[PDB]
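Before any questions on how it binds or moves, here is one chain, the form deposited in one PDB entry, in structure tokens.
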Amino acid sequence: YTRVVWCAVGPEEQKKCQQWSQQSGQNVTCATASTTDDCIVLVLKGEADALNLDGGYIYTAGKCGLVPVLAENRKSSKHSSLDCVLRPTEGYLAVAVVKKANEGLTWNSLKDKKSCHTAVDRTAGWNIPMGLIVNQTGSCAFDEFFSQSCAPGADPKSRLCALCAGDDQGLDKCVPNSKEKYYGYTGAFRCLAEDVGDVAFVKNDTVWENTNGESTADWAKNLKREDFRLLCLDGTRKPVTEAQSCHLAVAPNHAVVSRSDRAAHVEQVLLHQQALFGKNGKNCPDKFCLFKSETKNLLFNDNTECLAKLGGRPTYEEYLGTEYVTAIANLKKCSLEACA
């Protein structure tokens, strides 16, 4: 009744949730699935209450009646006077990254190169990039643009999974969850750092968070920003400090979604939950922090300051914005539970 059932995607996320459930005294319990879409089915079924989602999945859920409840908010310099829970969300920059040593690689010479995506159906890792590529290309054969890629979610036998690696033993190749070495923002970036792929479709924050000694992770401790470049849409190549003038798009922050007849309940518990394990919670540092997972973005991106109220009690289309919504629609033209 006053308890929330969260849906975790994959084994690593289920571990962090179990910990969260334990520290909350059952105020929050977990449900597990192997993929985000399965997590959405559980929520529709009623066996799970909520889960945080990238804009790409919100589109999907939205059609199935789910609704955004709260959104993640990272630290910004403008809009200082206002608290985090009430402050407007700015969204993030989807960028295309490359190794600087890869001279001559530009947005115009990407065909047949090797791409690293966060996962199919995600904003910065799939929808924005393949969206632009389907339009400029005029074709729907985005499955043939790149020679080889790693796009968690696609057919394991296809070229779109050729570069993925699976887990420690090579099992779960290409599964859209943290078990895949190259899954998500971090996964896709590693995919480039290790020179597996030629280009990685992530977000501006990912580069910074994993370069210049910010990650301490063995595959990223020796990473230096200067050795990276962004691919702008005009054919130019700018430093990672010029993200504001060289990005593919601004994307809507990830957000917690739930069934509408529960949104109120999910919100109440969450706000309270975050006042205890949030950025400045009564018990985050000492006992448990909802927004930490040592660079893996488990349940929430590690750069989340807090979960913000929406205000305007927005529908999923409104939340995602008309801009992004068409982009997705146009792309989906090329391809219950896809509830319309």
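In this text, residue numbers run from 1 along the sequence as written.
As for the form solved in complex with a partner chain, it is not shown, yet the points below apply to it.
Undergrad: Contact check in the bound PDB entry: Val41, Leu44 and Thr60 versus its partner chain, with a cutoff of 4.5 Å between any heavy atoms. Do all three pass?
TA: Yes, each of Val41, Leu44 and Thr60 comes within 4.5 Å of its partner chain in the bound PDB entry.
Undergrad: Using a 4.5 Å heavy atom cut-off, which residue among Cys64, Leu310, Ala33, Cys289 comes into contact with its partner chain in the bound PDB entry?
TA: Spelling it out, the residue with a heavy atom inside the cut-off is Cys64.
Undergrad: According to a 4.5 angstroms non-hydrogen atom cut-off, is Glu305 in contact with its partner chain in the bound PDB entry?
TA: The answer is no: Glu305 has no heavy atom within 4.5 Å of its partner chain.
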